[PDB]
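Take a look at the structure set out below.
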Amino acid sequence: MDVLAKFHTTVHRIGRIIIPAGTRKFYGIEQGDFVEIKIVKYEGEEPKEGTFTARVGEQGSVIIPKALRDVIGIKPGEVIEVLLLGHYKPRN
């Protein structure tokens with residue numbers, strides 16, 4: 001489908017990952033904003049995927065839902081390719 005930005009990162013403890021500051025800048029992300037993103041990693045002969053919505057925290061960190069970590073079989077230190085799907089901003 002359509003992607004707003006594409007970057008690679010590996011999973012760290014608690015399922016947390018950090019986006020490179022370059023992608024945050026191109027995407028216009030600030031703390032408190034919401035973005036919608038999907039990850040894809042290949043294991044054995046079957047691809048595993050997961051899509052969720054996440055809020056931007058300090059240092060551009062975002063947390064994948066633990067439920068998707070287990071189904072996809074993802075472990076600390078493994079690199080996945082991440083695609084952005086959409087974005088939401090506060091309204092006044």
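Of all alpha-carbon pairs in region 1-64, indicate the percentage at a distance above 20 angstrom.
Numbers: 523 of 2016 pairs.
The share of Cα pairs beyond 20 Å in region 1-64 comes to 26 percent.
What is the magnitude of the charge dipole of the chain about its Cα centre, with +1 placed on the Cβ of each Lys and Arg, -1 on the Cβ of each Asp and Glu, and no other charges, expressed in debye to the nearest 20?
Details: 14 positive and 12 negative charges, 74 e Å.
Roughly 360 debye for the chain.
Amide H of residue 85: which non-local residues (sequence gap of 5 or more, or other chain) have their own amide H closer than 5 Å, using H built in the peptide plane?
Result for residue 85 returns 4, 36, 37, 38.
Per-residue HN-Hα couplings for region 79-87, Karplus 6.51 cos²θ - 1.76 cosθ + 1.60 at θ = phi - 60°, whole Hz, x for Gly and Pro?
Values, residue by residue: 8, 10, 9, 10, 10, 7, 10, x, 8 Hz.
Could you name the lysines in cross-link range of residue 89, using Cα to Cα under 25 Å and dropping any fewer than eight places away on the same chain?
6, 25, 38, 66
Ideal geometry is used to build each Cβ from the backbone, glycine not excepted, and the neighbour counts take in all protein chains shown. Read-outs: derived from the displayed coordinates by stated rules, not from any lab.
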